[PDB]
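# Descriptive structure summary
Below are the chains, spelled out letter by letter.
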Amino acid sequence: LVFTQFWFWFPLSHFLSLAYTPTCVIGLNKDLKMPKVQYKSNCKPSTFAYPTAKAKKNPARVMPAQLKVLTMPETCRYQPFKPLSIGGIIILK
Amino acid sequence: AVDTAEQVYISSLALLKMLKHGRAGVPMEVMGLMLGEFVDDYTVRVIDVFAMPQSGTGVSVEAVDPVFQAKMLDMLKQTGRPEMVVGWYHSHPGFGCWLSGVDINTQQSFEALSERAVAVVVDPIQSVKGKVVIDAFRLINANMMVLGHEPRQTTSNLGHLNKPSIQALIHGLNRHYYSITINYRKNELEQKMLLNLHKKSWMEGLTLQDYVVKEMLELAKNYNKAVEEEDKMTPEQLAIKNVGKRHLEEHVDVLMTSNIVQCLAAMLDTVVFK
Amino acid sequence: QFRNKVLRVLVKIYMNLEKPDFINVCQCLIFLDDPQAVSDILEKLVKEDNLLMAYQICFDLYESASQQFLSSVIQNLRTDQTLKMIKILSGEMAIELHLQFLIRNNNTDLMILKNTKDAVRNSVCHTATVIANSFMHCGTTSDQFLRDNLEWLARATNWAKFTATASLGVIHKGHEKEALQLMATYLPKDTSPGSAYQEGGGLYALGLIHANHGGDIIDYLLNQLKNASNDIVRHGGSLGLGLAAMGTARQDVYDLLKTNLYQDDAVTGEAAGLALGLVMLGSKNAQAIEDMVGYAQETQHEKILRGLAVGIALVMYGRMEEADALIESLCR
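Thresholds, definitions, all that
Residues numbered from 1 in each chain as written, not as in the entry; some residues may be left out. Chains lettered and ligands numbered in written order. Part of a larger assembly, values for the part shown. Heavy atoms only, no water. Residues with missing side-chain atoms left out of burial classes, pairs and counts. Helix = DSSP H or I, 4+ residues; strand = E, 2+ residues; numbered from the N terminus. Rg over C-alpha atoms; globule rule 2.2 N^0.38 Å. Contact = heavy atoms within 4.5 Å. Nonpolar A, V, L, I, M, F, W, Y, C, P; charged D, E, K, R; others polar. Salt bridge = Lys/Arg side-chain N within 4 Å of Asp/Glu carboxyl O. Pairing = 2+ DSSP bridges. Axes fitted to C-alpha atoms, helices over the stretch in contact; angles between N-to-C directions. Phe/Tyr/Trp six-rings, centres within 6.5 Å; stacked < 30°, edge-to-face > 60°. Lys NZ or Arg CZ within 6 Å of the ring centre and 35° of its normal.

Per the deposited record, cryo-EM is how this structure was determined, to a resolution of 3.31 Å.

### Here we look at the overall build of chain A
Scanning chain A from terminus to terminus reveals 2 helices and 2 strands. Its helices and strands in sequence order give chain A the pattern α-β-α-β, from N to C terminus. Against the 2.2 N^0.38 benchmark of 12 Å for 93 residues, chain A shows a C-alpha radius of gyration of 17 Å, more extended than a compact globule. The dimensions of chain A, computed from C-alpha atoms along their principal axes, are 55 × 35 × 20 Å.

### Some remarks on the overall build of chain C
When helices and strands are tallied, chain C shows 21 helices and 0 strands. The principal-axis extents of the C-alpha atoms in chain C amount to approximately 70 × 50 × 35 Å.

### Section: the interface of chain B and chain C
Residue-level contacts link 6 residues of chain B with 10 residues of chain C. Looking at the side of chain B that touches chain C, its residues break down into 4 nonpolar, 1 polar and 1 charged.

### Some thoughts on the interface of chain A and chain C
Across the contact, 27 residues belong to chain A and 29 residues belong to chain C. Those elements giving two or more residues to the side of chain A that touches chain C turn out to be helix 1 (2-5) and strand 2 (89-91) of chain A. The residue makeup of the side of chain A that touches chain C, split by class, is 18 nonpolar, 5 polar and 4 charged.

### Side note on the pattern of salt bridges
Two residues, A:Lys30 and A:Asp31, come together in a salt bridge whose shortest N-O distance is 2.7 Å. Between B:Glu236 and B:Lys232 there is a salt bridge, and its shortest N-O distance comes to 3.6 Å.

### Observations concerning the sheet that holds strand 4 (residues 88-91) of chain B
Residues and elements named next belong to chain B. The 7 strands are arranged 6-5-4-2-3-1-7 in an open sheet whose pairing can be described as mixed. Both outer strands of the open sheet, strand 6 (135-137) and strand 7 (181-184), are each paired with one neighbouring strand and no more. Looking at each pair of strands side by side, their axes are set apart by 30 degrees on average, direction ignored. Where strand 1 (residues 7-10) meets strand 3 (residues 43-50), 4 bridges bridge the pair, whose relative direction is parallel. Directly across from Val8, in strand 3, lies its bridge partner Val44.

### What to know about the packing of aromatic side chains
Ring geometry for A:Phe3 and C:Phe135: centres 6.2 Å apart, planes at 50 degrees, overall tilted. Placement of the pair is A:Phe3 in helix 1 and C:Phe135 in helix 9 (residues 125-136), with the two residues belonging to separate chains. One aromatic cluster is present, formed by A:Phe3, A:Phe6, A:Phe10, A:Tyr20 and C:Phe135 through successive ring pairs. If you follow C:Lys19 out to its NZ or CZ, it ends over the ring of C:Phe22, 4.7 Å from the centre.

### A look at the pairing of strand 5 (residues 119-122) of chain B
Summarising the sheet, strand 4 of chain B and strand 5 of chain B pair through 4 bridges and their orientation is parallel. Paired with B:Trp88 across the two strands is B:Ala119, which belongs to strand 5 of chain B.

Here's what the structure looks like:
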């Protein structure tokens, strides 16, 4: 809304900063325990590598369309509590 | 210390006075001063305008008579609320709106007197309601030309200002100048009064004599019937022509409206009276 | 009306199930706005000692809920496990880790900045360039793309530089803790005491940094605005203070905002009105709306009125066809 209003004022443009939520998928097992998970996208990076179906990574520049295709790596000891259908902050156990 | 895309509000009384005064002395190149009012740097308004007396000098600075303006200001203070003289207007009948050396000298003098000293240019070039050749100009000093001309901080208003762009002669003399956005001051009571004026005065809406109407109607319909009968040939040929890789004539909305109104006149004829 | 009843009935059905899946239990909090209910279920989890689900639902709501009732949820929770719960339902450790994630990964091209630079027009698009670079690394705290050349910010009118320093602040978004000293680094007195434009831009940037991030910055900005010039600087300071206290509904800021609005000033009053609208976000507080609408038609400035327009619009919202009276009054 403030951006739309920025046609009558320039300084207001900065307000778009509030409307910025990165698509990174955050994962953490414990209170601060960083996890060594690497979800297999099972798709061509192509979109990932914006300047062999697979992908690895902590959160990365993975998009909702690519998030829905990500594969949860059960091969590791700890697994997410809830599915990884879509990104966000999914904790692990 | 920085210019912007400012605006000048002009009261309907103001523009009416300016145009009538200009048309009054078109050959003489009449001129005068306004009585404007300050609100902020972005916006300034004008409500009243008086005519400085005719002088053979022209638009010269000396044409301003201190005693005349002092007397007018005193009288206005006595009756109603006046305001400090924002600037000057004149009619440049030559072609559109522009300025000359004398004009810039006068503007510089006023700018020495006050802040804006906005200049107004009118011309006899007018339409019934579709010219408003009026325009507003303001000069730029040659000291800050290193600095930006008019620091802009709004896209919408700057683009609207550019939409008028600049006139041929304007570019011919656009320098030392920068036009300032004008707009008609909000108008409701005056607007409503005028709207009431049109119905009864500026066009036939007396509403009591509002309703030949049976004398010449026969003849008008005769003409149009004959004309449509003639025009019917062209669609005939058009249809006659094959695929081959002036039928549009309308002429029927006019008849529709005219004779339907005439028939409706029966409502007045048989009921409204007697 | 049907929505609330169906939602409560179905959530009752769900928690009647063996496992009260917190994912479907969040409906009460986020759609039916039952902060007390979420607090109670969190207390049940706490006494049940399954912190995993506890902070899972906490993060879910925090990233998918409005602070207005998260405040009440936190109050209920407050009155170890409790300390951790408060922290996660507290000043945005999620934001901290998000920003850590952001700095840890960046893909930005200098060549774009260079292509903009060599295409410089010596005109207003200076502001567009600075805001574009702001968008480039929003929250990245990487100004070297600008620190390299100190002329893009040294070739602007005193007014655009306000936007430039605001952009500088925007690039640095989320640190909060060090934001005080970080902004002081480019402090207006340090940078240009004579440029009150940068003076206001400093407060604007400070407010931008703590976007929706409550904290002592709100009171600090309140004090700064209290002791400062009414017009020359107060625009950006008031705007940033309002943004940092968005929806907080606090009276201690509402009073200052209304005073600013009533200081019959144009240059800063529009920002004051925008902030006034921002703080009373979707509160439907009839007192505020009547005050603002009455003041709108009462003054004789456009800028003031233009700001107050969006301020009013943002005052009451998210009510669908509830404020129709105000809608009709403004429409006519």
